[PDB]
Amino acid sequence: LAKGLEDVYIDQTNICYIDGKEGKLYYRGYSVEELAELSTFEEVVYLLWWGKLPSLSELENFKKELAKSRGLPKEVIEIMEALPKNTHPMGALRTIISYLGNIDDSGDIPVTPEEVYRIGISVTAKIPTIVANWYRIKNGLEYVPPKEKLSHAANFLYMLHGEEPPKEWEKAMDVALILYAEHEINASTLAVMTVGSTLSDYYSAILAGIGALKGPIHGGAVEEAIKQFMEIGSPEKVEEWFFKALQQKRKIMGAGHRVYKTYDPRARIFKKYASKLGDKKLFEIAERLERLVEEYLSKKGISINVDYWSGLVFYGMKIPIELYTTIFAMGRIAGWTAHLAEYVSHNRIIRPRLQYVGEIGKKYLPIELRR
């Protein structure tokens, strides 16, 4: 019985490698550290989909395809304006992406590698526009069209705030997208691949990813983690909160990982940005709790994961907490697209089994003879 499908390898891959015991991560052979420091989201997406770093012209041309794909048709904006104003961002994105599929000429076409990347360019480019403007529309703010000249990351901050961001913000945001871009076969990527394995359409597949990423013990933890520090209140109450949580068997959000049994390499980088951009008190609370996790839960293999420090970074960039998981989606769409294309290149329906326990051969008894 492979519960949680733990350590079950479902296919070969050339996209990303994770070293859980050592806490190392590579995107097509390049460490996440190197990319976070020297690359950009656009270049990383290019690398993830085509397997190598782009040339000067390859990157400029790809950046151009994306830029001209950020806009949303008027009917899409109309549907956004029709959503219940209280709809949470991930759920709103889910519906909007589904509607985008309905209006796309290729919305029902069975996935193939080439077509997946084509649609991927459009959806990847569009998510930030949907997320930022959903926040605006749900709050009675004016819709802000994308700015072709800004980077993917800068343009998101631009549409959301209605003003171009400072260099340090474009950098933190871009790095955040790179760090969230890809992570092998996590739950959301598995869901995307499972839908793709039936040769369904691109949108149906990405929607499964969105649904899975939304979960509080998956991508949703980015929001639960920061709310958790806020719940603790002050650095002085951390310890008492920690032992109560352990006693209660409560999950410490932002901690633990199916693969990493040591500090998440992405968490190291996020902590660095949270240190320089995050709220001093919250960072203090987070660091205090972090030490307790390392002290008592490390032998168990529970360390800090990617969703622990990222919220503080986004919060420091004046981004509402309700949009953090959608930002994870803004980045992960790259990895989802890469995996969907890779899996269906040599497709095989994903269909496992369950071990039935119970009686078989029970005889039907008319309802009137039942007690």
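Don't overthink the numbering: it's just position in the shown sequence, from 1.
Given the B-factors recorded for C-alpha atoms, which segment has the greater mean, 324-332 or 29-37?
Taking the mean C-alpha B-factor of 29-37 and of 324-332, the larger value falls to 29-37.
On mean C-alpha B-factor from the PDB entry, just flag whether 123-131 or 80-88 is the higher one.
Between 123-131 and 80-88, it is 80-88.
Identify, among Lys214, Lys261, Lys244, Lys271, the residue whose C-alpha carries the highest B-factor in the deposited PDB entry.
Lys244 has the highest C-alpha B-factor of those listed.
Taking the Cα B-factors listed in the entry, which of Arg266, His152, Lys300, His218 comes out highest?
Answer, based on the entry's C-alpha B-factors: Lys300.
Lowest, middle or highest third: which one holds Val8 when the chain's residues are ordered by CA B-factor from the entry?
It falls in the middle third of the chain.
Name the third of the chain's ranked CA B-factors that contains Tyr343, choosing lowest, middle or highest.
As the PDB entry reports it, the C-alpha B-factor of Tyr343 lands in the lowest third of its chain.
Using the temperature factors of the C-alpha atoms in this entry, rank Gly254 within its chain: lowest, middle or highest third.
Answer is lowest: the recorded C-alpha B-factor places it there.
In terms of the CA temperature factor given in the entry, to which third of its chain does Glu290 belong: lowest, middle or highest?
Its C-alpha B-factor, which the entry lists for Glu290, ranks in the middle third among residues of this chain.
Determine, from the deposited record, the chain-internal third of the Cα B-factor for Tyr315: lowest, middle or highest.
For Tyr315, whose C-alpha B-factor we compare with every modelled residue in the chain, the answer is the middle third.
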